[PDB]
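Engineer: Contents of upload.txt (compact mmCIF, C-alpha atoms) are below:
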```
# COMPACT_ATOMS: atom_id res chain seq x y z
CA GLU A 1 -49.65 97.00 10.22
CA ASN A 2 -47.15 97.99 12.90
CA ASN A 3 -43.42 98.12 13.56
CA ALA A 4 -41.61 94.82 14.01
CA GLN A 5 -37.98 95.25 12.91
CA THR A 6 -35.36 92.57 13.54
CA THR A 7 -33.12 91.52 16.42
CA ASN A 8 -29.43 91.33 15.54
CA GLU A 9 -26.42 90.97 17.82
CA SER A 10 -23.06 92.73 17.56
CA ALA A 11 -19.49 91.44 17.72
CA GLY A 12 -16.27 93.29 18.47
CA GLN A 13 -13.53 91.51 16.56
CA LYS A 14 -11.09 94.42 16.59
CA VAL A 15 -10.58 95.62 20.16
CA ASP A 16 -7.63 97.51 21.67
CA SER A 17 -4.93 95.68 23.60
CA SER A 18 -2.01 97.89 24.60
CA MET A 19 0.25 95.20 26.03
CA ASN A 20 3.94 94.29 25.79
CA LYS A 21 6.60 91.75 26.80
CA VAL A 22 5.86 91.01 30.46
CA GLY A 23 7.18 87.46 30.49
CA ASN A 24 7.33 85.64 27.16
CA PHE A 25 10.03 83.77 25.23
CA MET A 26 11.18 85.62 22.12
CA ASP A 27 14.85 85.17 21.32
CA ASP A 28 15.70 82.63 18.59
CA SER A 29 12.17 82.89 17.25
CA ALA A 30 12.89 86.57 16.67
CA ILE A 31 15.80 85.71 14.36
CA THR A 32 13.63 83.80 11.88
CA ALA A 33 11.54 86.97 11.52
CA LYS A 34 14.30 88.70 9.53
CA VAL A 35 15.54 85.53 7.85
CA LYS A 36 12.19 84.93 6.11
CA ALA A 37 12.51 88.46 4.75
CA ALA A 38 15.96 87.78 3.33
CA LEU A 39 14.64 84.65 1.63
CA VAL A 40 11.61 86.30 0.02
CA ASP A 41 13.77 89.29 -0.99
CA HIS A 42 15.74 87.05 -3.32
CA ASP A 43 13.81 86.09 -6.45
CA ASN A 44 16.56 83.50 -6.97
CA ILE A 45 15.20 81.74 -3.87
CA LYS A 46 11.74 80.22 -3.65
CA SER A 47 10.97 80.62 0.06
CA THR A 48 7.60 79.02 -0.70
CA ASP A 49 9.17 75.56 -0.37
CA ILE A 50 11.66 76.64 2.28
CA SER A 51 11.07 76.21 5.98
CA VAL A 52 13.09 78.59 8.14
CA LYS A 53 13.51 77.93 11.85
CA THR A 54 15.95 79.12 14.49
CA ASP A 55 17.10 76.75 17.20
CA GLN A 56 19.71 77.92 19.69
CA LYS A 57 20.84 80.88 17.53
CA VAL A 58 21.16 78.42 14.66
CA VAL A 59 18.93 78.92 11.63
CA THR A 60 17.97 75.65 9.93
CA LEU A 61 17.04 75.79 6.26
CA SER A 62 15.01 72.82 5.10
CA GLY A 63 12.79 72.33 2.09
CA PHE A 64 13.02 71.87 -1.66
CA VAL A 65 14.88 74.11 -4.08
CA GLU A 66 15.15 74.15 -7.87
CA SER A 67 18.94 74.05 -8.00
CA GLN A 68 22.03 73.99 -5.79
CA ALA A 69 22.56 77.73 -6.19
CA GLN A 70 19.05 78.33 -4.86
CA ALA A 71 20.03 76.61 -1.63
CA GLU A 72 23.54 78.11 -1.53
CA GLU A 73 22.06 81.61 -1.72
CA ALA A 74 19.46 80.73 0.92
CA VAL A 75 22.06 79.87 3.54
CA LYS A 76 23.91 83.07 2.70
CA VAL A 77 20.92 85.39 3.10
CA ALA A 78 19.95 83.58 6.31
CA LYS A 79 23.39 84.20 7.79
CA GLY A 80 23.20 87.76 6.51
CA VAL A 81 20.77 88.80 9.21
CA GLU A 82 22.08 89.95 12.59
CA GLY A 83 21.48 87.60 15.49
CA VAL A 84 22.09 84.27 13.79
CA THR A 85 25.22 82.51 15.00
CA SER A 86 25.19 79.54 12.61
CA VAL A 87 23.13 78.21 9.69
CA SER A 88 22.30 74.57 9.06
CA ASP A 89 21.64 73.68 5.45
CA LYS A 90 19.16 70.86 5.13
CA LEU A 91 17.62 72.03 1.87
CA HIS A 92 17.35 69.52 -0.93
CA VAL A 93 17.29 69.95 -4.68
CA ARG A 94 14.24 68.36 -6.29
CA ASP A 95 15.03 68.99 -9.95
CA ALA A 96 17.65 67.37 -12.16
CA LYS A 97 20.91 69.02 -13.19
CA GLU A 98 23.76 67.87 -15.41
CA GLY A 99 27.42 68.79 -15.67
CA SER A 100 29.02 67.79 -18.96
CA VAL A 101 26.93 68.31 -22.09
CA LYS A 102 27.88 66.98 -25.52
CA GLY A 103 26.72 67.26 -29.11
CA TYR A 104 26.87 64.79 -31.98
CA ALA A 105 29.06 63.68 -34.88
CA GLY A 106 28.52 66.16 -37.66
CA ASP A 107 30.97 68.29 -39.62
CA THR A 108 28.11 70.71 -40.25
CA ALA A 109 28.92 72.10 -36.78
CA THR A 110 31.96 73.81 -38.29
CA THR A 111 29.78 75.38 -40.96
CA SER A 112 27.24 76.50 -38.36
CA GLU A 113 29.81 78.43 -36.34
CA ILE A 114 32.00 79.56 -39.27
CA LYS A 115 28.94 81.41 -40.56
CA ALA A 116 28.35 83.07 -37.20
CA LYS A 117 31.87 84.50 -37.39
CA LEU A 118 31.72 85.62 -41.02
CA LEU A 119 28.44 87.49 -40.56
CA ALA A 120 29.80 89.01 -37.40
CA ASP A 121 32.79 90.39 -39.31
CA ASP A 122 32.92 94.06 -40.34
CA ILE A 123 33.95 93.35 -43.94
CA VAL A 124 33.19 89.70 -44.84
CA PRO A 125 29.86 89.89 -46.71
CA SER A 126 28.47 86.60 -45.36
CA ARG A 127 25.06 87.89 -46.47
CA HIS A 128 26.03 87.13 -50.07
CA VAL A 129 28.75 84.56 -49.40
CA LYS A 130 27.88 81.09 -48.18
CA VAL A 131 30.09 78.51 -46.53
CA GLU A 132 29.90 74.73 -46.34
CA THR A 133 32.25 72.15 -44.85
CA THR A 134 32.93 68.64 -46.13
CA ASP A 135 35.03 66.19 -44.12
CA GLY A 136 36.37 69.23 -42.28
CA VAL A 137 37.08 71.12 -45.49
CA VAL A 138 35.59 74.58 -45.19
CA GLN A 139 34.52 75.96 -48.54
CA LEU A 140 33.46 79.56 -49.11
CA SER A 141 31.42 80.29 -52.22
CA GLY A 142 29.88 83.60 -53.24
CA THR A 143 30.99 87.12 -54.03
CA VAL A 144 32.89 89.84 -52.17
CA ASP A 145 33.80 93.46 -52.88
CA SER A 146 37.56 93.05 -52.46
CA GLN A 147 40.36 90.69 -51.43
CA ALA A 148 40.40 92.28 -47.97
CA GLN A 149 37.00 90.72 -47.33
CA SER A 150 37.94 87.49 -49.10
CA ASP A 151 41.12 86.91 -47.10
CA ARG A 152 39.37 87.65 -43.82
CA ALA A 153 36.69 85.07 -44.57
CA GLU A 154 39.32 82.36 -45.02
CA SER A 155 41.30 83.70 -42.05
CA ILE A 156 38.42 82.76 -39.77
CA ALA A 157 37.55 79.60 -41.72
CA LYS A 158 40.92 78.06 -40.89
CA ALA A 159 40.80 79.51 -37.39
CA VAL A 160 37.73 77.42 -36.53
CA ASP A 161 38.73 74.23 -34.71
CA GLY A 162 37.93 71.10 -36.69
CA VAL A 163 38.89 72.42 -40.12
CA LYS A 164 41.54 70.54 -42.11
CA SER A 165 41.67 72.87 -45.10
CA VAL A 166 39.97 75.94 -46.55
CA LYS A 167 38.81 76.49 -50.11
CA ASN A 168 38.21 80.12 -51.00
CA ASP A 169 35.87 80.08 -54.01
CA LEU A 170 34.15 83.40 -53.36
CA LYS A 171 34.71 85.71 -56.32
CA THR A 172 35.42 89.43 -56.31
CA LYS A 173 33.48 92.25 -57.97
```
Translate this structure into structure tokens?
Structural biologist:
Amino acid sequence: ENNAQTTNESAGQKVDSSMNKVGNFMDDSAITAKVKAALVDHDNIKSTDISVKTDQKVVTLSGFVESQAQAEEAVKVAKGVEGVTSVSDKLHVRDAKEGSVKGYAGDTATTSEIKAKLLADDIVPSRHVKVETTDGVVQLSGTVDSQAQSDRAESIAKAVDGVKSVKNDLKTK
């Protein structure tokens, strides 16, 4: 028929504003600006659960870390920025950590490690020679190319803590 069109308004979200510091407070707050950068810079520190805040030239670190080291590094990087006078650690570990681990009662442990040494040797053919321990008695059975490789095998077998005696049964070619 005829022209109708539509009526639509316009909005200016991005306008210019060339202003500066005429009378605003930006001193301690300006210190946190670099601190949050030092926290995110370190992969070892999850700044996601860390709240940084500067109060009277003192940067307070509070939140939840994975381990102690995570927090220890946080306070270091925070104090690494220029402007901060002191850092207050208020971070808390949320995960569990131990200190003294232990194994179990089993002579097989000697065999487990004795093998790791024999195969790591430059002459002891642990690939063809097997070792087993009984009551702390390390026994080596198999075949070697020469006595040089035989002797070495036993040399380490008796060197492993927990062994009471060694029994070289590996034959030579």
Engineer: Given the choices A:109, A:160, A:123, A:71, which gets closest to residue 148 (chain A) if the distance is worked out from all atoms listed in the file?
Structural biologist: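 Closest candidate: A:123.
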Engineer: Please enclose the listed atoms of region 118-129 of chain A in an axis-aligned box, pad each side by 3 Å, and write out the centre and the three edge lengths in Å, rounded to one decimal, as AutoDock Vina command-line options.
Structural biologist:
```
--center_x 29.5 --center_y 89.3 --center_z -43.7 --size_x 14.9 --size_y 15.5 --size_z 18.7
```
Engineer: Would you tabulate, counting all atoms listed in the file, all residues of region 48-136 of chain A that have an atom at most 10 Å from an atom of region 9-27 of chain A, showing the closest pair of atoms and their distance in Å to one decimal, sorted by chain then ascending number, as a Markdown table?
Structural biologist:
```
| residue | atom | partner | partner_atom | distance |
| --- | --- | --- | --- | --- |
| A:54 | CA | A:27 | CA | 9.2 |
| A:55 | CA | A:27 | CA | 9.6 |
| A:56 | CA | A:27 | CA | 8.9 |
| A:57 | CA | A:27 | CA | 8.3 |
| A:83 | CA | A:27 | CA | 9.2 |
```
Engineer: CA of residue 65 (chain A) to CA of residue 45 (chain A): how many Å, to one decimal?
Structural biologist: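 Those two atoms sit 7.6 Å apart.
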Engineer: Using all atoms listed in the file for the distances, tell me which of A:164, A:94, A:152, A:117 is nearest to residue 134 (chain A).
Structural biologist: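 Checking each candidate against residue 134 (chain A), we get A:164 as the closest.
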Engineer: If you measure from CA of residue 66 (chain A) to CA of residue 31 (chain A), what distance in Å do you get, rounded to one decimal?
Structural biologist: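 According to the coordinates, CA of residue 66 (chain A) and CA of residue 31 (chain A) are separated by 25.1 Å.
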Engineer: Find the residue from A:91, A:6, A:172, A:60 that sits nearest to residue 46 (chain A); use all atoms listed in the file when measuring.
Structural biologist: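 Closest to residue 46 (chain A) of all the choices is A:91.
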Engineer: CA of residue 69 (chain A) to CA of residue 104 (chain A): how many Å, to one decimal?
Structural biologist: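 Calculated distance between CA of residue 69 (chain A) and CA of residue 104 (chain A) is 29.2 Å.
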Engineer: With all atoms listed in the file counted, which protein, DNA or RNA residues have an atom no more than 6 Å from (24.5, 83.8, -42.0) in the file frame? Please answer as a list in words.
Structural biologist: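 Answer for this query, in the requested form: residues 115, 119 and 126 of chain A.
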Engineer: For the residues selected in the previous step, produce a file with C-alpha atoms as a tab-separated table (two decimals), in the coordinates of the input.
Structural biologist:
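Result file follows (out-v1.tsv):
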```
chain	number	residue	atom	x	y	z
A	115	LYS	CA	28.94	81.41	-40.56
A	119	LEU	CA	28.44	87.49	-40.56
A	126	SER	CA	28.47	86.60	-45.36
```
